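Quick heads-up: it's one chain on its own, the form deposited in one PDB entry, in structure tokens.
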């Protein structure tokens, strides 16, 4: 109900990535940008799509999908909204979760 998460390592740094916090990241994108992300990386069904397959979905060229992807990555890293990304990438901390509050009560302060 909130538990779905993934463990990943990229260049020997580890991440715990919560589905709910990914949804908060995607919510900052346009509907088409978020859909391109979901199709490109296989978030919808585990299966990545090619740029041409995604362009078929949205009625645009492969090159426009490439540009949509590029614009999305710039959007996700922009300082205006990049705290949502920071929160997602720091999922291993459990900050603001019921269990972290409980443990702080048990341990004091």
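The term rigid core refers to the maximal set of C-alpha atoms that superpose within 1.5 Å between the two forms. Shifts are known only where both forms have a C-alpha. Residue numbers count along the first chain shown, from 1.
One more form of this protein should be noted, the form deposited in another entry, which is absent from this view; the next part is about it.
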query: Core-aligned C-alpha movement of residue 84 between the shown form and the other one reaching 2 Å; finding: yes
query: Threshold 2 Å Cα movement between the shown form and the other one at residue 93, rigid core reference; finding: yes
query: Closer or farther in the other entry, the Cα atoms of residue 88 and residue 27, when the shift from this form is 3 Å or more; finding: farther
query: Inter-Cα distance between residue 98 and residue 23 in the other entry, nearer or further [3 Å or more]; finding: closer
query: Regions shifting between the shown form and the other one, defined as 3+ consecutive residues whose CA atoms all move 2 Å or more relative to the core; finding: 15 to 17, 77 to 109
